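Novice: I have a structure I would like to understand better, so I am pasting it below and will then ask my questions one at a time.
There are 2 protein chains.
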Amino acid sequence: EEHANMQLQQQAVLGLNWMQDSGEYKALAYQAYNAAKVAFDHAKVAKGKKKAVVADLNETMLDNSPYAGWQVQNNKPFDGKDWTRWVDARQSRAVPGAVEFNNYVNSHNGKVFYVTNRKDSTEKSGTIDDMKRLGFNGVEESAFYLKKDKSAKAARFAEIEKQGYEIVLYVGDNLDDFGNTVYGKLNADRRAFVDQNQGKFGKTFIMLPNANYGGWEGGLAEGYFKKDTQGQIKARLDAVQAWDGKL
Amino acid sequence: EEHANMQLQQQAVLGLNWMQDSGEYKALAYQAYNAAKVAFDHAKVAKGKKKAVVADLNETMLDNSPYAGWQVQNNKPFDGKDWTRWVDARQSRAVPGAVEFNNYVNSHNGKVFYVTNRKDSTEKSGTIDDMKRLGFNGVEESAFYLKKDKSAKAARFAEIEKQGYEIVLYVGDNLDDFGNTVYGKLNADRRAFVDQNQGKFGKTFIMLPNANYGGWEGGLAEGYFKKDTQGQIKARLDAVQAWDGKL
Ligand SMILES: Nc1ncnc2c1ncn2[C@@H]1O[C@H](CO)[C@@H](OP(=O)(O)O)[C@H]1O
Ligand SMILES: Nc1ncnc2c1ncn2[C@@H]1O[C@H](CO)[C@@H](OP(=O)(O)O)[C@H]1O
Ligand SMILES: [Mg+2]
Ligand SMILES: [Mg+2]
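Chains A and A' are the protein sequences, given in the same order. A prime marks a further copy of an entry chain.
The first sequence: position 52 = 60 (the deposited numbering), numbered continuously.
The second sequence: position 222 = 230 (the deposited numbering), numbered continuously.
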């Protein structure tokens, strides 16, 4: 149904306005990257280890909001085939503060590795071209751990550690950018993970804001991503906590 | 039109799900307050001055998401008269990390002052009752600078400084919580203010995320808050930046 597709995407409009237009979103990005620099500078690693920073790309270092905008304007729910075309369009922007932090790490005895679920086989060329144009240093192919078979990221973090690096901090907009412990889990377990790690945020886990999509969307209901459009609309509306209007 | 009221509030649903349900939102709250503690501990003030922290309430220290949820469920655009009833309902929650940071400041040679546009005359009693119940220390009436005549906050910051305090940091979800320089201005000027203060975020300006409302909403278009419901919907949709779908 086209009506359902329209309602689903209309539900993203206000958060998209916030991410695209507000100074507040920019301030949060700068806040995150300012905190990240402090954590990096403070970090000490084991003897023999090299300092690594792990960074997610989409909505962490790369700004894909125009794809979301296209979804809104065309009543288009997410489709990986449309996403691939977006990547190939080479119109990605940079999240504020990301290039500076990236380049600072790489010039101060660290290395940023990009652990990202952009696809290695079909989305790598556009990703690298955009990042070069955007001013990121260190974007040789060896810095990238793009998605091959698995969306969960922990195995790639381990690959990095096997190369002689100690990861001093992680940057992301999705809790699954910090490990696998709540990958595919509902929001109750994900909030619990955050509580169990309260002191790490702004130190070793650096958060960027993303009100448009993510593991929290799937976390709204068991089997959310398997539901049809109407089912997803209902899951979102059912998750809403509302005042009863009484005193 | 009821159809317009419904569309306007439907546009807030996804960002509301994110704020209410996601671990990511909690992580951002903890990140902000972890950073705030570091800044407070580092702060030095002029001889003779007492250390003050200025904090906004709504969506900074107090969580009002159930009011937004009620708006969604009842197709109700914002109305200060409904808001007053919400305050009186005494169902406010605390933003994660806020009580701990508040109480830490107040027990470590500082004072948090609440500079908030909850209304002094009609909304003070519910505000204080909720904050007491939520566990905030230092919520005597003298800590509060609630709205009387003016929504712009700088004059109240000055009142605090005249009492012998030096403000060491500001906490908020709205750029207008940091001063008056972009109060009532459009988002271009507000983003410019953020850029001009890039290094302060996460240090002396502490940001909390709010994808549901704020000065950025009014900032979407000249005279936004004066427009009717259809006009506001059009302003939001017109602000959207969209990929053209081409390569
Ligand atoms: N609406 C959306 N739904 C799922 N993924 C999206 C998305 N918008 C952007 N993405 C990105 O596509 C990859 C696979 O999930 C992820 O890459 P990252 O690991 O973040 O670099 C998404 O964020
Ligand atoms: N949807 C909304 N629109 C305007 N204000 C809202 C709002 N939801 C909550 N508020 C709050 O009402 C006061 C006046 O603007 C502000 O208080 P604070 O200065 O943030 O404590 C709003 O955030
Ligand atoms: Mg991401
Ligand atoms: Mg506020």
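Where a beta carbon is used, it is the ideal one built from N, C-alpha and C, also for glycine.
Apart from the five residues just before and just after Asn218/A', which ones in its own chain have a Cβ nearer than 6 Å to its Cβ?
Specialist: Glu67 and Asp181
Novice: Considering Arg126/A', what are the terminal residues of the beta strand (DSSP E) in which it resides?
Specialist: Segment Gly118 to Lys127, the beta strand (DSSP E) holding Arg126/A'.
Novice: Which residues bound the alpha helix (DSSP H) around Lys132/A?
Specialist: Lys132 to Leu142
Novice: Taking one C-beta from the segment 189 to 209 of chain A and one from the segment 88 to 97 of chain A each time, how about it: are there three or more such pairs within less than 8 Å?
Specialist: no
Novice: Identify the contact partners of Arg126/A' in chain A, using a Cβ-Cβ distance below 9 Å as the criterion.
Specialist: Simply none; closest approach about 16 Å.
Novice: Identify, in the order they occur along the chain, each residue of the same chain with its Cβ nearer than 6 Å to the Cβ of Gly222/A, setting aside the five sequence neighbours on each side.
Specialist: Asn182
Novice: For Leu22/A, which option in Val53/A, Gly227/A, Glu174/A and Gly77/A has the closest C-alpha, if you only look at C-alpha atoms?
Specialist: Nearest C-alpha to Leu22/A: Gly77/A.
Novice: Starting from the Cα of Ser129/A, find the closest Cα among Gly105/A, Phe152/A and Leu194/A and give me that residue.
Specialist: Closest option to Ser129/A, Cα to Cα, is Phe152/A.
Novice: How would you label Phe109/A', buried or exposed, when you count the other beta carbons within 10 angstroms and need 16 or more for buried?
Specialist: With at least 16 other beta carbons inside 10 angstroms of its own, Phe109/A' counts as buried.
Novice: For a quick check, are the C-beta atoms of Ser100/A' and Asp138/A' less than 8 Å apart?
Specialist: yes
Novice: At a Cβ threshold of 8 Å, is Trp91/A' touching chain A?
Specialist: no
Novice: Within the 8 Å Cβ cut-off, does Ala60/A' reach chain A?
Specialist: no
Novice: Are the C-beta of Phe109/A' and some C-beta of chain A separated by less than 8 Å?
Specialist: No, no contact with chain A.
Novice: Give the DSSP bridge partners of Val179/A', in chain order.
Specialist: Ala63/A' and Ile214/A'
Novice: Which value, in whole angstroms, describes the spacing of the CA atoms of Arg164/A' and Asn125/A'?
Specialist: 11 Å
Novice: Is the distance from the Cβ of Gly105/A to the Cβ of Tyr41/A below 8 Å?
Specialist: Remark: C-beta atoms of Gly105/A and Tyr41/A approach each other more closely than 8 Å.
Novice: May I ask whether a heavy atom of ligand 3 can be found less than 7 Å away from the beta carbon of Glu67/A?
Specialist: yes
Novice: Determine the direct distance from the alpha carbon of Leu16/A' to that of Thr237/A', and round the result to whole angstroms.
Specialist: 7 Å
Novice: Quick one, which of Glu32/A', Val190/A', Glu10/A' and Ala162/A' has its alpha-carbon nearest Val179/A's?
Specialist: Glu32/A'
Novice: What are the boundary residues of the alpha helix (DSSP H) that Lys155/A is part of?
Specialist: Element bounds for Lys155/A: not the alpha helix (DSSP H) but the beta strand (DSSP E), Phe152 to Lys155.
Novice: Looking at C-alpha atoms only, which residue of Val62/A, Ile136/A and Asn83/A is the closest neighbour of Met215/A?
Specialist: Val62/A
Novice: Tell whether a beta-carbon distance below 8 Å holds between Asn25/A' and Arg244/A.
Specialist: yes
Novice: Between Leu228/A and chain A', is any beta-carbon pair separated by less than 8 Å?
Specialist: Chain A' contact via Cβ: present.
Novice: According to DSSP, is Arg98/A' part of a helix, a strand, or is it coil?
Specialist: coil
Novice: For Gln28/A' and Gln19/A, which I take to be in contact (beta-carbon distance under 8 Å), what is that distance rounded to the nearest angstrom?
Specialist: In this structure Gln28/A' does not touch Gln19/A by the C-beta definition: roughly 14 Å separates them, more than the 8 Å allowed.
Novice: When every heavy atom of ligand 6 is checked, does at least one fall within less than 7 Å of the C-beta of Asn220/A'?
Specialist: This structure lacks ligand 6; its bound ligands are ligand 1, ligand 2, ligand 3 and ligand 4.
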